[PDB]
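> Dropping the structure in here first, questions after.
Methodologically, a virtual Cβ is constructed for each residue, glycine included, from the backbone with ideal geometry; neighbour enumeration extends over all protein chains shown. All of this is worked out from the model, or read from it or from the source named; none is laboratory data.
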Amino acid sequence: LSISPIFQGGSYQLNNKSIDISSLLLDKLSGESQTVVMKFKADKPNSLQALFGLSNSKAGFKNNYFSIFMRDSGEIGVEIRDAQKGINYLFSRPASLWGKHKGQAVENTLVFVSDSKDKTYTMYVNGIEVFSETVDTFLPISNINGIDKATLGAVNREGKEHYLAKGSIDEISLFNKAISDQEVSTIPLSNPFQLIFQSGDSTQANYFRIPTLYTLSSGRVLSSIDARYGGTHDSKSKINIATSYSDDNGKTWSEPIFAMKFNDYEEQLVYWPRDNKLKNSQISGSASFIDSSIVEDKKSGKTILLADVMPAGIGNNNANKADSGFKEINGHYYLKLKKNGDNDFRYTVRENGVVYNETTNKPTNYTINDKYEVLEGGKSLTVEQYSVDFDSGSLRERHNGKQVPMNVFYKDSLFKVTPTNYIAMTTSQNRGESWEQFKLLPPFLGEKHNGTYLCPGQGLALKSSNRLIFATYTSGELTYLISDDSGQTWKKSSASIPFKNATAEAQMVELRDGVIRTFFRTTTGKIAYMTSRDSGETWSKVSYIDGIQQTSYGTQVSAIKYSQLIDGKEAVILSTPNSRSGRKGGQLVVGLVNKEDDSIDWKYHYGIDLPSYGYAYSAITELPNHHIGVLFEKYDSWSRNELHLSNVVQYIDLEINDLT
Ligand SMILES: CC(=O)N[C@H]1[C@H]([C@H](O)[C@H](O)CO)OC(C(=O)O)=C[C@@H]1O
Ligand SMILES: O=S(=O)(O)[C@]1(CNC2CCCCC2)C[C@@H](O)[C@@H](O)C1
């Protein structure tokens, strides 16, 4: 750093008894700007505990203190309080911490900058900015009226220990300066994780959800994700699908590119509001992609990626359930279009993108190209792009002066698709270095049924054939999409399930040649499964796994077949929260296959981090060196308290010995 600390100490054990460092620190504090750098572990935290306190300990001044505190939910924050000044600041962010990794307490690196010149308080944990708050009336942390105690592991209020901590502070430094963002980035870290996608990267999305991982035949490992712009909200929103790969067993990852992108709205990095008045603000006029899945095709060598596609302002809540968006004429399916001013859909898209008029069966002078863009007489039509802002105190979506190709999925398009959900595919011929323009899959359940929903994660490539399968769900069933010709044509295999309107997110493993077990989310608090023994043509009844708990609403479960024997048996690995309370208590569960009947003995449970720390959607893959890569949402993506968090989708590397 550009300056030396005014105080430095270390190896403090916090065992429900605070340590007083007043004599060491208080007379060193000077000026109105301070930086606290603290390396600390808390693998068995109390419900709510202070790591560091500056306080007025005298009778009558219980509300005059500064503290850095944490919760056993993983939340970190500060309080800055002075009764005389009439100031009570509370800043925090959920899901900011690690507890344990590979059975070992994680050294978290916390940097808090209190900057009087910019009147801004900024918190970083593990190299990640979790909050930055500017105020009209700045309160320097050591200018609190009557401060007489500096405390580790509690806050001294009126002579008593409040917020008693269990943990350790291995290193703490304080500086009479607000160190710059640049200098913060030089502070050495001890992180157990890495980021593949992150705020400020090439996607310019401040948020990410729905990770995938897939190990390709070359040894490259590929990842996809929802790059979500309008906070962490599902569609309707602006969301693109981004990808990144690793050629060195997950050690380093490429700068992300888009596999599927719309441009009716600008790609903006926005700090979405988290207060109770505005947090449900939602980009409402943008088209989007959501929930991707990846597979590799042995035949063509192509990588194939599917995702749901949502027209402008559409998501699963308002998608028309009674319309596929296609017209069936003969045995063929054609995308329907509504033209500006018509109250019905009087057009279809035919072969070679010719826009046809259904009311008179004439072709028009309009065509749809390979990017689903509108051409008139071969000339590209355009629309004006939108940008979003909260400058007026609420969400505004408005034209920004920039023209972009007119797309049938856009709000401002001359021709518009049916307001319902679709599935598209794209392919890469260079293992994720570039992606083709996407194609819509045809409808599978008839003219008047909305599309199914893609199960995020991996598709399945069968070992002994060229069959490709992508699981999807809808009301009352899993609908497996099957291709035997490199994704050129698809057919459905329907498998009834005993829940109506479920989110039956399903992932498959091939237990042995032609035998597929599918594990899926339900509404019962238990993960279910079904088996196919004819490469997906037919499916067994549904069974449930005991020994793992989910919530009533459930969470995606990822699943792989391990290439190596474990305890002499074939192994399957599941990744899921294990909790009936929320999306937390992340585990990998190792199951050994009983060859006699293909039953699975769930023998090992690996705790990814604390039971109380967040874990939601996840991706797992066997890396080429036989380690396991896990990319997962490290927060509760269901909780309405943990919306719009940045850099919570994280990646770790595990070995089987860590799991057993
Ligand atoms: C297409 C879509 O909306 N998919 C979303 C899915 C869906 O909303 C479901 O109906 C309710 O779980 O929910 C979740 C979720 O965190 O639970 C993530 C998906 O991105
Ligand atoms: O067996 S595959 O289905 O082709 C696959 C990869 N197998 C290799 C075997 C050799 C070690 C690394 C993983 C498993 C799925 O989880 C995908 O990652 C693709």
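> Can you tell which of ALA50, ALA105 is under 20 Å from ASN191 (Cα atoms) and in contact with a strand residue (DSSP E or B) (Cβ under 7 Å, 6 or more places away or on another chain)? Reasoning before the result, please.
Values: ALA50 fails: under 20 Å from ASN191 (Cα atoms).
Result: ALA105 is the single residue among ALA50, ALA105 that is under 20 Å from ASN191 (Cα atoms) and in contact with a strand residue (DSSP E or B) (Cβ under 7 Å, 6 or more places away or on another chain).
> Counting just the residues of region 347-377 that are of a type outside the set (S, T, N, Q) and more than 19 Å from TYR410 (Cβ to Cβ), which one comes out surrounded by the most Cβ atoms within 10 Å (Cβ to Cβ)? Show your work before the answer.
The initial filter retains those residues of region 347-377 that are of a type outside the set (S, T, N, Q), namely 347, 349-351, 353-356, 358, 362-363, 366, 368, 370-377.
Checking which are more than 19 Å from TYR410 (Cβ to Cβ) leaves us with 350-351, 354, 356, 358, 362-363, 377.
Details: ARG350: 16, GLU351: 8, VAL354: 14, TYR356: 20, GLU358: 16, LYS362: 8, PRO363: 12, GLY377: 7.
Across region 347-377, the extreme among qualifying residues is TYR356.
> Let me ask something else about it. Specify the residue that is farthest from ligand 1 (Cβ to nearest atom); the eligible residues are those in region 404-418 that are more than 15 Å from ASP344 (Cα to Cα), part of a loop (DSSP other than H, G, I, E, B) and of a type outside the set (S, T, N, Q).
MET406
> Could I ask something else about it? Condition test on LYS261, is it closer than 15 Å to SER434 by Cα, surrounded by fewer than 24 Cβ atoms within 10 Å (Cβ to Cβ) and free of Cβ contacts under 8 Å to residues at least 40 places away in the same chain? Before the answer, list the steps.
On the way: closer than 15 Å to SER434 by Cα: yes; surrounded by fewer than 24 Cβ atoms within 10 Å (Cβ to Cβ): yes; free of Cβ contacts under 8 Å to residues at least 40 places away in the same chain: yes.
In short, yes.
> Take the residues of region 226-258 that are within 16 Å of ligand 2 (Cβ to nearest atom) and within 22 Å of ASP297 (Cα to Cα): which is surrounded by the most Cβ atoms within 10 Å (Cβ to Cβ)?
Looking at residues that are within 16 Å of ligand 2 (Cβ to nearest atom) and within 22 Å of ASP297 (Cα to Cα), I get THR243.
> Next question. Surrounded by fewer than 21 Cβ atoms within 10 Å (Cβ to Cβ) and out of contact with any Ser or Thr (no Cβ under 7 Å at 6 or more places or on another chain): is that true of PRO405 in this structure?
Values: surrounded by fewer than 21 Cβ atoms within 10 Å (Cβ to Cβ): yes; out of contact with any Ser or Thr (no Cβ under 7 Å at 6 or more places or on another chain): no.
In short, no.
> Okay, moving on. Which residue pairs have Cβ atoms under 8 Å apart, sit 6 or more places apart or on different chains, and have a first residue in region 315-344 that is in the same structural domain as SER413 (by CATH) and free of Cβ contacts under 8 Å to residues at least 24 places away in the same chain and a second that is in a loop (DSSP other than H, G, I, E, B) and not acidic (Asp, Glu)?
Close Cβ pairs satisfying both conditions: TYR334/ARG350.
> Mind telling me which of the residues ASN501, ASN421, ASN430 ends up being within 16 Å of ligand 1 (Cβ to nearest atom), within 29 Å of the chain's Cα centre (by Cα) and surrounded by fewer than 20 Cβ atoms within 10 Å (Cβ to Cβ)?
Every option except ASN501 fails the conditions.
> Tell me the residue from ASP308, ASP297 that is near ligand 1 (Cβ under 10 Å from one of its atoms), closer than 22 Å to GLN429 by Cα and acidic (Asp, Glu), please.
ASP308 is the lone residue from the list that is near ligand 1 (Cβ under 10 Å from one of its atoms), closer than 22 Å to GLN429 by Cα and acidic (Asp, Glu).
> What about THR522, is it within 29 Å of the chain's Cα centre (by Cα) and either in the same structural domain as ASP297 (by CATH) or within 16 Å of ligand 2 (Cβ to nearest atom) (or both)?
Values: within 29 Å of the chain's Cα centre (by Cα): yes; either in the same structural domain as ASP297 (by CATH) or within 16 Å of ligand 2 (Cβ to nearest atom) (or both): yes.
For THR522, the condition - within 29 Å of the chain's Cα centre (by Cα) and either in the same structural domain as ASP297 (by CATH) or within 16 Å of ligand 2 (Cβ to nearest atom) (or both) - is met.
> Answer yes or no as to whether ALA322 is of a type in the set (A, V, I, L, M), in a loop (DSSP other than H, G, I, E, B) and in contact with a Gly (Cβ under 6 Å, 6 or more places away or on another chain).
Working: of a type in the set (A, V, I, L, M): yes; in a loop (DSSP other than H, G, I, E, B): yes; in contact with a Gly (Cβ under 6 Å, 6 or more places away or on another chain): no.
Against the criterion (of a type in the set (A, V, I, L, M), in a loop (DSSP other than H, G, I, E, B) and in contact with a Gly (Cβ under 6 Å, 6 or more places away or on another chain)), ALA322 does not qualify.
> Right, next: Condition test on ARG533, is it in the same structural domain as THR472 (by CATH), basic (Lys, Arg), more than 16 Å from ligand 1 (Cβ to nearest atom) and surrounded by 15 or more Cβ atoms within 10 Å (Cβ to Cβ)? Can you show your working first?
Working: in the same structural domain as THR472 (by CATH): yes; basic (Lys, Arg): yes; more than 16 Å from ligand 1 (Cβ to nearest atom): yes; surrounded by 15 or more Cβ atoms within 10 Å (Cβ to Cβ): yes.
Yes: the conditions hold for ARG533.
> Sticking with this one: If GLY401 satisfies every condition in (1) free of Cβ contacts under 8 Å to residues at least 24 places away in the same chain; (2) of a type in the set (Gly, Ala, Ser); (3) part of a loop (DSSP other than H, G, I, E, B) but one, which is the exception?
Every condition holds for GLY401 apart from (3).
> Does region 190-203 contain any residue that is of a type in the set (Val, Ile, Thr), surrounded by fewer than 24 Cβ atoms within 10 Å (Cβ to Cβ), assigned by CATH to the domain that holds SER618 and over 13 Å from the mean Cα position of the chain (by Cα)? Full working, then the answer.
Step one: filter region 190-203 for residues of a type in the set (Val, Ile, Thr), giving 196, 203.
Next cut, surrounded by fewer than 24 Cβ atoms within 10 Å (Cβ to Cβ) only: none.
Checked region 190-203: no residue is of a type in the set (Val, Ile, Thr), surrounded by fewer than 24 Cβ atoms within 10 Å (Cβ to Cβ), assigned by CATH to the domain that holds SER618 and over 13 Å from the mean Cα position of the chain (by Cα).
> Looking only at region 182-221, how many residues end up being of a type in the set (D, E, K, R) and without any contact (Cβ under 8 Å) to a residue 12 or more places away in the chain? Give the steps one after another, and end with the answer.
Keep residues of region 182-221 that are of a type in the set (D, E, K, R), which gives 183, 201, 209, 220.
So of that shortlist, the ones also without any contact (Cβ under 8 Å) to a residue 12 or more places away in the chain come out as none.
Summing the residues that are of a type in the set (D, E, K, R) and without any contact (Cβ under 8 Å) to a residue 12 or more places away in the chain in region 182-221 gives 0.
> Right, something else. Cβ-Cβ distance below 7 Å, separation of 6 or more or different chains: which pairs start in region 443-463 with a residue that is touching a residue at least 60 places away in the same chain (Cβ under 8 Å) and farther than 16 Å from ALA504 by Cβ and end on one that is among the charged types (D, E, K, R) and part of a loop (DSSP other than H, G, I, E, B)?
Qualifying pairs under 7 Å: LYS448/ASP323; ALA461/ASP297; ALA461/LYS298.
> Still on this model: In region 446-474, which residue that is assigned to a loop (DSSP other than H, G, I, E, B) and within 17 Å of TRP539 (Cβ to Cβ) is farthest from ligand 2 (Cβ to nearest atom)? Walk me through how you get there before you give the answer.
So the first thing to find is which residues in region 446-474 are assigned to a loop (DSSP other than H, G, I, E, B), and the list is 446-452, 455-456, 459, 462-467.
Remaining after also requiring within 17 Å of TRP539 (Cβ to Cβ): 452, 455, 459, 462, 467.
On the way: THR452: 22, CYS455: 14, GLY459: 9, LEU462: 8, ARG467: 12 Å.
This residue is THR452.
> Here is a further query. Here's a check for you: in region 433-487, which residue that is among the hydroxyl-bearing types (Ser, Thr, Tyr) and over 28 Å from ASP513 (Cα atoms) is nearest to ligand 1 (Cβ to nearest atom)? Break it down stepwise before answering.
First, pick out the residues of region 433-487 that are among the hydroxyl-bearing types (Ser, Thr, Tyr): 434, 452-453, 464-465, 472-475, 479-480, 483, 486.
Going one step further and asking which of them are over 28 Å from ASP513 (Cα atoms), we end up with 434, 475.
On the way: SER434: 25, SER475: 11 Å.
Here the answer is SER475.
> I would also like to ask the following. Which one of these is under 29 Å from the mean Cα position of the chain (by Cα), closer than 15 Å to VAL589 by Cβ and away from ligand 1 (no atom under 16 Å from the Cβ): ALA528, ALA495, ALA559?
Numbers: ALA528 fails: away from ligand 1 (no atom under 16 Å from the Cβ); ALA495 fails: closer than 15 Å to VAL589 by Cβ.
Residue meeting the stated conditions: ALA559.
> So in region 157-189, with the set limited to residues that are part of a loop (DSSP other than H, G, I, E, B) and of a type in the set (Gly, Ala, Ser), which one is surrounded by the fewest Cβ atoms within 10 Å (Cβ to Cβ)? So that I can check it myself, show each step before the final result.
Quick first cut of region 157-189, residues part of a loop (DSSP other than H, G, I, E, B) only: 158-159, 163-165, 176-180, 185-189.
Then drop every residue that is not of a type in the set (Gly, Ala, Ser), which leaves 159, 165, 178, 180, 185.
Numbers: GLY159: 9, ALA165: 30, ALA178: 20, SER180: 14, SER185: 11.
Ranking the candidates gives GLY159 first.
> Now for a separate question. For region 210-222, enumerate the residues that are out of contact with any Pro (no Cβ under 6 Å at 6 or more places or on another chain) and either away from ligand 1 (no atom under 16 Å from the Cβ) or not in a strand (DSSP E or B) (or both).
Correct list: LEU213, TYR214, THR215, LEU216, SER217, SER218, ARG220, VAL221, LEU222.
> Give me the residue from region 559-587 that is among the hydrophobic types (A, V, I, L, M, F, W, C) and either farther than 15 Å from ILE545 by Cα or free of Cβ contacts under 8 Å to residues at least 60 places away in the same chain (or both) and, out of that set, nearest to ligand 2 (Cβ to nearest atom).
Filtering region 559-587 down to residues among the hydrophobic types (A, V, I, L, M, F, W, C) leaves 559-560, 565-566, 571-574.
From what's left, either farther than 15 Å from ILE545 by Cα or free of Cβ contacts under 8 Å to residues at least 60 places away in the same chain (or both): 560, 565-566, 571, 574.
Numbers: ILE560: 4, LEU565: 13, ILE566: 14, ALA571: 13, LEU574: 12 Å.
Ranking the qualifying residues of region 559-587, first place goes to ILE560.
> Would you check if there is a residue in region 619-628 being part of a loop (DSSP other than H, G, I, E, B), within 15 Å of ligand 1 (Cβ to nearest atom), over 19 Å from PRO192 (Cα atoms) and touching a residue at least 60 places away in the same chain (Cβ under 8 Å)?
Applying the first criterion (part of a loop (DSSP other than H, G, I, E, B)) to region 619-628 yields 623-627.
When the remaining residues are screened for being within 15 Å of ligand 1 (Cβ to nearest atom), the result is none.
No, every residue in region 619-628 fails to be part of a loop (DSSP other than H, G, I, E, B), within 15 Å of ligand 1 (Cβ to nearest atom), over 19 Å from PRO192 (Cα atoms) and touching a residue at least 60 places away in the same chain (Cβ under 8 Å).
> Something else: Could you list, in sequence order, the residues of region 205-220 that are within 11 Å of ligand 2 (Cβ to nearest atom) and of a type in the set (A, V, I, L, M)?
Passing the criteria: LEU213, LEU216.
> Restricting attention to region 635-660, report how many residues are away from ligand 1 (no atom under 14 Å from the Cβ) and touching a residue at least 40 places away in the same chain (Cβ under 8 Å). Spell out the reasoning first.
As a first pass, look at region 635-660 and keep what is away from ligand 1 (no atom under 14 Å from the Cβ): 641, 646-647, 650-660.
Of the ones still in play, those that are also touching a residue at least 40 places away in the same chain (Cβ under 8 Å) are 641, 646-647, 650-654, 656, 658-660.
The qualifying residues number 12.
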